[PDB]
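Asks: Before we start, here is the structure in question, set down as structure tokens.
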Ligand SMILES: Nc1ncnc2c1ncn2[C@@H]1O[C@H](COP(=O)(O)OP(=O)(O)O)[C@@H](O)[C@H]1O
Ligand SMILES: [Mg+2]
């Protein structure tokens, strides 16, 4: 990362600083990474964080300088398509099935997050063009 | 399954039947008759020679030969007719179908078993055979495993001690007093009252007087005095033609030679001293069990009072702390056959048979190898 | 028998 | 291996035979970290593996062979879930139907359901007793060959309820009007009163095999049943172990001693008689014998046994009891006599109408006869007691056979029977703390029946394989003939028992010695219990069983002295006693040899036929509705052979899937390149990649056959792929959504 990148990342980090001390929580490190264009799993986030315990995850605070090596480590389409084609074969996917799998398998998300991202993308039959939704969510 | 035959040649009687039966199908005298006169009528259907119940029926015309005497087979061409009659006419069964069990007195000549075997495999073509010591079978019949057995038929007498199914061969006594020598003595003594019997066809009469009238005295010299002084003892018998004979103090003298073979000029001791001497040859831990289980067996022991006379005269020899019991079951004339009937039915036995496949390899000497 | 007796 | 993190595994537990666990960290070639339901880690150790668990889709399926891991805890789980939570009391294993007795009445037997099953094919439905009955009823029509339903279990399990509904089905689908159902059901109280016993472990155990032949005409209208009985346990009549009873009818009779018509039987209380006091357990708690009597007499009268014959029957059973009290005095070690004016014999002769002096003579002597001559010979006190008890067993076995003939007279119909369907009700495999000749016979019968079942299943598998064109050499046949030959064949344990009964001074000790000499090292299945010389072990089909030699020989023995029969046949007081003995080696045969022959008659009856099998299991010892004790149920499932059946099935290709339904399930693993137009070739390609060892599956014409385990493997790799896909998608949507929240914070 060059000085400009480091400055942009630090600025973004400071926007997520909700206490004014220039720091985030372990549990926010992943959030910052996602805010910076990374898409790490919660497992990946905990791994780069050093698998913190609940107490330090919720209250131990780290500044940008400690975050940066972690961002580096995190930084270092056809599969995404096949992954969506898993749940198809007419190029559509049920909203109910996607909701169930996203809220019940893997690193389960909330139904509200899924409703928010899914709002407006399914048609009257309840089918999602997943290639278009995928291009949309990858931009 | 095919049940085996049990055929107790004995002497004088043949006893035969199927294993698991409780009495023999066939009991007939082991006697071969040939006609001696000239046959005069023509077209009569004359027949060369008669076996068994025929020769008894027609005996006035015949000469009667016993082929077995003193448990030794002395004429094989006679004997084979008797077996032939046993299988084919009397049991009405082909012996080639199923096994046969045969019985023999102990200590008799070795070649007798070899001939029995050779005839059973060669002519009758029996699938398997065995020969068994008679006195062993009398224990199977009386339901015991420890015994001393006085087995005495026509022809032969023997004692065999058996303790828990171990026989004690050094102590086996054999004696040749038998029903035939009581009969020949009874002929030579009836002559004192003038009656006379010189032919085989009337030797067969004396043999039946002996059976009905004779009995054994509990003490000899007082009944000898009694019936010499009072005629109250004498009894009478009808000969076949209707002549009446009368027999007095004589009718206990012939069965009493079993206890004094000196009367017919044998050296040896009677059945009581041979029984006791047979016990004495056994070792001292077992004598008390032999003294309790004395088992009478075979027909010559049927005389009334022979049990009580034995118990008396062995108690006269045994040490008085011992206890002496004579077991004389009423069947005892058949106990050798009954014993062979249970023996041949035991599932454990089926291995024991001399099979034809063995005999064809080893020859007739196999008997001494695989039998007792 | 063969010696000592008649059979 | 694939014991990975979040593999579930079963672990053995004392209190409920197995517990679920979850494998908390991957296995690698000594001890496993296992998360339990009770606590997050408790640790398990591996000995000089735990049984893996089936995937959640398979559990609860209608047919236990659909499972991919076939073993005790998965079977126990499927029966437990289906029974407890879904209240389905019927389940299939292979051919077998397993019926879990609910102890509760249920709506499932209604006539609408009867219609719902009629005309279906077998697999088309969830299993129900009607689906067995229907399979039989169609096969009888489709083919000439006659049919049997075999019902096995403990008597508590409710075999009578299964037979009841199987007949109700036959009546309704025949459209028949007649009245056989009512009569066959109304026969049960007499057959249970005579033929049924209280054992150490069960009350109303059934001690015979009962075969009801439902006859059909040439048009398959019903014609009314013929009843046969086999394998009756005659020895129970005269001997009982601790806290057993003999057949209920004796205790029902003794309880009724106050009733006016039973005055002349001069009964006592049930411990007054030698044939009932021996168990020391006269009363079953919860039963009034005094009242079961009345239901027996009602059942008689509904079958139209006249009141005169009913008093004849109870006169004979009072006979048997009074006979048993007759007590011989030894005169001598080899002779005996009954003492003068002995009272039990007086009352027995008064009951049976015989001259006291003839019975007193013939009990103590026996007659030999050759054709020319006959001898009356005395017998020992031991033989006198064996003779008396053989006579009592013979009077009883004949009375039983007579009552069953009057049942048949009330059940027969004149119409010519075209064909029949038999319902055979029989006891299961049996094992107790102390184990004895009664059990030895029962376990031999169950060996014969399990052989027939293995013949049949193997045959139907060769048919199914030739339908699907798969080589026969792949199905192995498991054979228990080496165990039957240990028992029934020559020099077997029965043959050496009969041979010991008649060898002189035979005894249970010297019998045992013959066993050891003959078998101990020579046979794979016979073993000696280390610490005893008076017992032996047979490795039966279902389990090892230790039998104790003490007192087989006294149980083994029958000889009826024919002259004692010939005295009783002369009786002139009442009709029945001469009737019993209407038409020898038959008297000479021992109990074991009679049983061996009765079992041959049974097997030659069933072999004429096409079997269909049912198994009944008892879920709890306390009759609680719809509760399922794993500790009891495992034992019942072993005893019914269900588990050794499944062990045999798991050796084959248990799991059978149609190509199109397979393709539907597993296209998720299949690249959209690689699916062809040809389904069969597509799946042949994919599966030949997914499971590299071809020995795990066969390509039938219509179905893939998998060995046990591989369908679970495919389900695991499917779940792992589907999870990895879900993680990739969902992390991308999360990083998108928070990236947009970052754009919100920049705004
Ligand atoms: N009831 C009897 N009383 C006395 N002697 C008998 C009696 N029956 C047979 N005998 C004699 O004993 C011999 C028959 O004995 P048995 O045991 O039948 O011979 P084996 O067993 O050798 O054939 C014959 O001599 C016969 O005379
Ligand atoms: Mg003799």
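Along the chain as shown, the residues are counted starting at 1.
Positions of Cβ are set from backbone N, Cα and C atoms, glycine also.
Just lifted these from Swiss-Prot, have a look:
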MOD_RES   B:41  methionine (R)-sulfoxide
MOD_RES   B:44  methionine (R)-sulfoxide
MOD_RES   B:58  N6-malonyllysine
MOD_RES   B:70  tele-methylhistidine
MOD_RES   B:81  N6-methyllysine
REGION    B:107-120  region 'Interaction with alpha-actinin'
MOD_RES   B:174  ADP-ribosylarginine
REGION    B:355-367  region 'Interaction with alpha-actinin'
Asks: How big is the Cα-to-Cα gap, in Å, between the residue listed as 'tele-methylhistidine' and the residue listed as 'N6-methyllysine'?
Replies: 19
Asks: Grab the same-chain neighbours of the region 'Interaction with alpha-actinin' (B:355-367) for me: Cβ-Cβ under 8 Å, and only residues 6 or more beyond its ends, written as numbers and ranges.
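Replies: Counting only partners 6 or more residues beyond its ends, the region 'Interaction with alpha-actinin' (B:355-367) has Cβ contacts under 8 Å with 113-115, 117-118, 121, 126-129, 131.
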Asks: Mind sorting out which of the modified residues B:41, B:44, B:58, B:70, B:81, B:174 are close to chain C, meaning Cβ under 8 Å from one of its Cβ atoms?
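Replies: Cβ contacts with chain C under 8 Å: B:70.
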Asks: Please report the Cα separation of the residue listed as 'ADP-ribosylarginine' and residue B:81 (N6-methyllysine) in Å, rounded to an integer.
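Replies: Pair distance, Cα basis, whole Å: 28 Å.
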Asks: Cα of residue B:44 (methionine (R)-sulfoxide) to Cα of residue B:58 (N6-malonyllysine): how many Å, rounded?
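Replies: It is 15 Å, counting Cα to Cα.
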Asks: Sort residue B:81 (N6-methyllysine) into helix, strand or coil using the DSSP assignment.
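Replies: The residue in question, residue B:81 (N6-methyllysine), is helix (DSSP, three-state).
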Asks: Which residues, sitting 6 or more apart from the residue listed as 'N6-methyllysine' on the same chain, put a CB under 8 Å from its CB?
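Replies: Sequence-distant Cβ neighbours: B:32, B:49, B:51.
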Asks: Which is it, of B:70, B:174: the one of these modified residues whose Cβ has the most other Cβ atoms within 10 Å?
Replies: B:70
Asks: Over the span of the region 'Interaction with alpha-actinin' (B:355-367), count residues by DSSP class, listing helix, strand and coil in order.
Replies: 9 helix, 1 strand, 3 coil
Asks: What is the Cβ neighbour count of residue B:44 (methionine (R)-sulfoxide) at a 10 Å cut-off, with all protein chains included?
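Replies: For residue B:44 (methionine (R)-sulfoxide), the 10 Å Cβ neighbour count is 8.
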Asks: Where residue B:41 (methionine (R)-sulfoxide) and the residue listed as 'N6-malonyllysine' are concerned, what is their Cα separation in Å, rounded?
Replies: 17
Asks: Can you check which residues sit near residue B:58 (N6-malonyllysine), meaning Cβ under 8 Å from its Cβ, same chain, 6 or more apart in sequence, and list them in order?
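Replies: Non-local contacts for residue B:58 (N6-malonyllysine): B:33, B:50.
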Asks: When a 10 Å sphere is centred on the Cβ of residue B:41 (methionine (R)-sulfoxide), how many other Cβ atoms does it contain?
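Replies: Its Cβ has 7 other Cβ atoms within 10 Å.
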Asks: Within the region 'Interaction with alpha-actinin' (B:107-120), how many residues are helix, strand or coil going by DSSP?
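Replies: The counts are 11 helix, 0 strand, 3 coil.
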